[PDB]
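Asker: This one is an experimental structure. Sequence first:
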Amino acid sequence: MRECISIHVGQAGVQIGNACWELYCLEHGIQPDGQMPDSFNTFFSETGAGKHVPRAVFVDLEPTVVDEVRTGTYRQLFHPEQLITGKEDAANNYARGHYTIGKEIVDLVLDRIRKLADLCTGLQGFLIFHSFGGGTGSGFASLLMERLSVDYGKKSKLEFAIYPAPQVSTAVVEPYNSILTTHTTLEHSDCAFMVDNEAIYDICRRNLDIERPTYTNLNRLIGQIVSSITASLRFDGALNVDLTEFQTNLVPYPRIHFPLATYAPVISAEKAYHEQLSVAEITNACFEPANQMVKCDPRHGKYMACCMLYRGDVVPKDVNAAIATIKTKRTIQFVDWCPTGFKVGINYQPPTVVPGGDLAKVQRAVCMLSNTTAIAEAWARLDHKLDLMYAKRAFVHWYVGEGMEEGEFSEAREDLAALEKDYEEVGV
Amino acid sequence: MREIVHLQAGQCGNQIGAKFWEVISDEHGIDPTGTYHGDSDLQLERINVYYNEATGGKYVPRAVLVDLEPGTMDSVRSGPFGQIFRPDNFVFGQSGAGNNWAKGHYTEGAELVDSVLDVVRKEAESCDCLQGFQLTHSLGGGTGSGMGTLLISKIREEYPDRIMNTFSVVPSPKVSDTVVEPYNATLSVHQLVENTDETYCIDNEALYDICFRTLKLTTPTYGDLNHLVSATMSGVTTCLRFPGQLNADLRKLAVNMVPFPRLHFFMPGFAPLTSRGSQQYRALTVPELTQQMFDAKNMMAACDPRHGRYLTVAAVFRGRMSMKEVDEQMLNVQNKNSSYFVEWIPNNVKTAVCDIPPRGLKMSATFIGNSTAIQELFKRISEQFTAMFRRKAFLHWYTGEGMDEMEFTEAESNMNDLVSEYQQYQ
Amino acid sequence: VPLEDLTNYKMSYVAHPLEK
Amino acid sequence: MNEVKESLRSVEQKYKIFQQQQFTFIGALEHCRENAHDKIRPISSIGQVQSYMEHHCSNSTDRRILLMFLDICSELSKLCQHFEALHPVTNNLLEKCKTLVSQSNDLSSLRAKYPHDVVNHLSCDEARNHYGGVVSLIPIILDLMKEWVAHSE
Ligand SMILES: Nc1nc2c(ncn2[C@@H]2O[C@H](COP(=O)(O)OP(=O)(O)OP(=O)(O)O)[C@@H](O)[C@H]2O)c(=O)[nH]1
Ligand SMILES: Nc1nc2c(ncn2[C@@H]2O[C@H](COP(=O)(O)OP(=O)(O)O)[C@@H](O)[C@H]2O)c(=O)[nH]1
Ligand SMILES: [Mg+2]
């Protein structure tokens, strides 16, 4: 009855979506050729008799990764024209992705979204995958979000952004692109989850003892997190939460809507046998500083709202005992105006492990989403970098020649200053 | 979808282009006959960037050849891999430049540009949409420099929104090759600084040293140096032909590297470079490549990076490797050598990864840097120009074709302004 | 020299068996 | 006599090399099929493929890949013949070898399964209507050969 539409933009979005869709197929038992040898209607449609097609859209200006997906194994699954490409990419240029190249393809993307929404009856909302530091993943994502907000508005919108790391960073104009896209999407987004690459590298190394991790492993972890998020809609449990109540429980202020995700427990087969994974133990482990997936130290901030999504063989009495112990713990401190800050959801479907992966099979899992004030330090560092580059007016001529004025840079700087001031005021 | 057209001019340009086409045709598994003899379907998925189909399974390179004498054209036509070039793409004159910039740029260029432009326009319109241009020439030549400058001006006048990549050689610091090297070098630089987008500088002393020491080849012939330059070219352009983990095309590199419109001179590098014998006693891994790229002896431009500060560094990796190792190596090299990087710009390193290693190896990388050490080259060129121009030596060969002292003064002023800019951005 | 090169995508997303 | 294993290994190596160029093989098949019309009946025999070869189809690479496929077929036939020379379950497995490698034999409905994913790389229409059997012929023969060797030893 309830349906969700996923949109993947850019290389990172396309690859993460590919991983999560193969995980979805494995969980639901649908063969890669589309033939299944009654609860999959949320993500999979029906084509006449015996064929199931996913409800997703893949968008990228460059045709390389989309062509690889079309040629790959999952070609008898995706609709032939649900995959949209172009000729030239944005190439780390927000102006190119926002003004010049995307305006001849946003119309087609919107037409396909409308056609997909026509099929559904109980549409819930959209999930958008992109990256802040990429030209297309910033500009085209902002354009698509503004067009969707204009067209529909009422339906909720959620994002899974890859937050650039403070130290391990790839491109050079990432602060410019991130500042511009944040200033554009602050007024249109509803709740944007945050993950990072260096944090996941550290988690993978320290826990699974893998010397040479890779993007495939990172995308598998992200797909596990997304599946844990959507399990409440996909299956039925003792206490399930939908996509509408997430924003209400996690967003206390109109512009403070930047939570972060956490997953536990993550271990390998060698440590799986010599360990007793209990509800209290995993709940305690989910709070340690060296387990979250955003590179920041939680003792520099205070928690505001925490969402717990237990998954598998879970007992409410020991869940409540673990929550009470965590509340009694003195090292973790909360904000004064939030007497109650816990949302608990339980599902009866144990996590599913992809064969040949680096994740051992378990019985319980905890996915945690936290809204905290520690993001102020990250925003401070990012705008300090922006100011340092913009003092000399470097790399500005590309944006100027593509159709942008320095007024946009000034306005974005002012908006980020205002947001940092809002965080500083709210923290006390 | 992304078509690249290649332009050649002069003796050095023609020879380097022949070697480059040989290497590229080897990469895609195309025999000198003209028929596909590959082994995987990945090789012909993107054969449209550099080749055109014709009749039954015959691929012809999309190249234009320009010269004033039929000598090197006949030599390359009678040599190996000479039966794949289109016979209609050989354009040549009859007189010759004779190491004169004025003759190439004012006298015979006028009668050659019409035909070469007609051919280039036909090749450009043959496709659906272009991506950019490439050019291999010599700054210090007589016909290559003038003809390439005139062509660059014409194309930039006609196609004003496409990238232009030039792979030009530069005068050697120790021993020159022509007496009038600084005049042509200065005029070519003055035109290139304004009519291009990114220029890669290559020397000959660096290639001589590399071929003498790394491969212990006691007979360094131009074939080997041209092969090295072609390998660098392929390493630069490989991302537009094969899938990878983190793609990065030419426009992406241009956006990420050049911060100011006039600071667009790069100097490349390559890795690994090991001998035939000592190859057995070395472990080929990512740390070895990271150690090898950041060295003065492994670069193809005769300059010392220790004398200047790096602005932006772009490294393109090929083969199967982990992103974590690359990230840790780049962070380590940026953190332990903070004295060699500018501070007002953070994250001086851009990384790209492909998945098809070069034939005969397992993993390789290409280094491209934009440093402040080009000021030494430009300062030496300007000093030589002033020293010769004070006595008006060899100048009567230029005024006899249409030149004037004003052009020389303006070119010297432009060099002084550019070197002052590089000095003051330090 | 034989060519034994294949992309990382094809060697990772192999058709896994369907569970019961 | 524990000596045909080398021939089997060479055959499977060449089959792997051909499986890499499967896509070009399908393109050549489609081009020659369009050139020779008869587009209402899918491929049913190897002799039909040989006739499509003999018909002017050109394009060089098409002839190369089709010649490679026919060479694999000929070597498989030779192996079916020689396994009896080197000497009930083995008998009818060899009978299946002979009857499948025989040129005049319907192969439109032939299919392969796990671990062979050759049919997953085809588009829906071609997989269910045109080229289901041709790409699924060699792996079945190789599996039969390995099973027969397993019974023999
Ligand atoms: N975790 C993860 N991050 C990825 C992956 N692929 C790309 N990224 C991130 O994405 C960033 C590049 O941004 P993108 O917008 O995706 O690059 P793009 O799609 O080519 O867009 P343009 O570069 O502007 O053309 C890199 O710095 C990576 O950190 C992936 O598979 N997994
Ligand atoms: N690396 C390399 N350099 C060359 C080659 N041929 C010529 N050169 C360089 O080109 C310079 C001579 O310029 P030249 O092309 O003869 O002038 P032009 O004929 O008027 O264009 C010399 O300094 C050489 O170093 C070659 O095959 N390889
Ligand atoms: Mg992109």
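Answerer: Received the coordinates, thanks. Residues are numbered from 1 along each chain as shown, chains lettered A, B, ... in the order given. Ligands and ions are numbered 1, 2, ... in the order given.
Asker: number of nearby residues for residue 16?
Answerer: In the absence of a named chain, chain A is used. 26 (other C-beta atoms under 10 Å in any protein chain shown). Yep, even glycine has a C-beta here, placed from its N, CA and C like the rest.
Asker: wrong one, I was asking about chain C
Answerer: 15.
Asker: Could you find the closest non-adjacent residue to it?
Answerer: Take residue C:16 and drop its neighbours on the chain: the residue closest to it by C-beta to C-beta, 6 or more residues apart in numbering or on different chains is residue A:355, 5.3 Å away.
Asker: Surely that neighbour is within a helix?
Answerer: No. The assignment for residue A:355, made by DSSP: H, G, I helix; E, B strand; the rest coil, is coil rather than a helix.
Asker: Tell me how many other residues crowd it.
Answerer: So residue A:355, with other C-beta under 10 Å, has 10 neighbours.
Asker: any idea how far the residue in chain C that ligand 3 sits nearest to lies from residue B:320?
Answerer: Ligand 3 sits closest to residue C:9 of chain C, with a gap of 16.6 Å, by C-beta to the ion. To residue B:320, residue C:9 is 12 Å away according to C-beta to C-beta, to the nearest Å.
Asker: cool, and residue A:361?
Answerer: In terms of C-beta to C-beta, residue A:361 sits 28 Å off from residue B:320.
Asker: How about the residues of the stretch 101-250 of chain B by chain C?
Answerer: B:243, B:245 (C-beta under 8 Å from any C-beta of the partner chain).
Asker: who in the stretch 101-250 of chain B is up against ligand 1?
Answerer: Within the stretch 101-250 of chain B, the positions near ligand 1 by C-beta under 6 Å from any ligand atom are B:246-247.
Asker: what kind of secondary structure is residue B:167 in?
Answerer: Secondary structure of residue B:167, per three-state DSSP, is strand.
Asker: Can you give me the distance of it to ligand 3?
Answerer: Plainly put, residue B:167 is 26 Å away from ligand 3 if you go by C-beta to the ion, to the nearest Å.
Asker: now do residue B:331
Answerer: In this view, residue B:331 and ligand 3 are 23 Å apart by C-beta to the ion.
Asker: what about that residue, helix or strand, and which?
Answerer: In this structure, residue B:331 sits in helix B:323-336 according to DSSP states H and E.
Asker: My guess is the residue nearest to residue C:16 contacts residue C:17. True?
Answerer: Yes. Using C-beta atoms under 8 Å, residue A:355 and residue C:17 qualify as a contacting pair, with a distance of 7.2 Å.
Asker: Residue B:156 versus the closest residue to the residue of chain C closest to ligand 3 other than its chain neighbours, what's the distance?
Answerer: In space, and not counting its chain neighbours, residue C:9 is closest to residue A:68: 5.9 Å by C-beta to C-beta, 6+ apart. Per C-beta to C-beta, residue A:68 is found 35 Å from residue B:156.
Asker: Which helix runs longest in chain B?
Answerer: The longest helix of chain B (DSSP state H) is helix B:405-424.
Asker: Contacts for that helix next, please.
Answerer: Residues outside helix B:405-424 that contact it (C-beta atoms under 8 Å, 6 or more residues apart in numbering or on different chains) are B:186-187, B:189-190, B:193, B:262-263, B:372, B:374-375, B:378-379, B:381-382, B:385-386, B:389.
Asker: try 7 Å this time
Answerer: B:186-187, B:189-190, B:193, B:262, B:372, B:374-375, B:378-379, B:381-382, B:385, B:389 (C-beta atoms under 7 Å, 6 or more residues apart in numbering or on different chains).
Asker: From those residues, list just the buried residues.
Answerer: B:186-187, B:189-190, B:193, B:372, B:374-375, B:378, B:381-382, B:385, B:389 (16 or more other C-beta atoms under 10 Å in any protein chain shown).
Asker: Closest residue of chain D to ligand 3?
Answerer: residue D:23 (25.3 Å).
Asker: How about the contacts made by that residue?
Answerer: residue B:41.
Asker: Just say helix, strand or coil for it.
Answerer: Criterion first, three-state DSSP; result for residue D:23: helix.
Asker: separation between it and ligand 2?
Answerer: 39 Å (C-beta to the nearest ligand atom, to the nearest Å).
Asker: Return the distance of the residue in chain C positioned nearest to ligand 2 relative to residue B:358.
Answerer: Of all residues in chain C, residue C:1 sits closest to ligand 2, at 26.1 Å by C-beta to the nearest ligand atom. Remark: distance between residue C:1 and residue B:358 (C-beta to C-beta) = 11 Å.
Asker: if you count what's nearby, which of those two comes out ahead?
Answerer: Legend: neighbour count by other C-beta under 10 Å for residue C:1 and residue B:358, higher for residue B:358 (17 against 5).
Asker: In this structure the more buried one contacts residue B:318, no?
Answerer: Yes. Counting by C-beta atoms under 7 Å, residue B:358 touches residue B:318, with 6.5 Å between them.
Asker: Please identify every residue contacting each of those two.
Answerer: Joint contacts of residue B:358 and residue B:318 (C-beta under 7 Å, 6+ apart) are residue B:364.
Asker: Quick check: which element contains residue B:302?
Answerer: Using DSSP H and E, no helix or strand contains residue B:302.
Asker: shouldn't it be in contact with residue B:204?
Answerer: No. Using C-beta under 7 Å as the test, residue B:302 is too far from residue B:204 to be in contact (8.5 Å).
Asker: Which one of the two is surrounded by more residues?
Answerer: Legend: neighbour count by other C-beta under 10 Å for residue B:302 and residue B:204, higher for residue B:302 (23 against 19).
Asker: That one and residue D:117: what is the separation?
Answerer: 54 Å.
Asker: Just want the residue of the stretch 301-428 of chain A that's nearest chain C.
Answerer: residue A:355 (5.3 Å; C-beta to the nearest C-beta).
Asker: Is that residue in contact with residue C:15, as I believe?
Answerer: No. Residue A:355 is beyond contact range of residue C:15, at 11.0 Å (criterion: C-beta under 7 Å).
Asker: residues in chain D within reach of chain B, list them.
Answerer: D:17, D:20-21, D:23-24, D:58-61 (C-beta under 7 Å from any C-beta of the partner chain).
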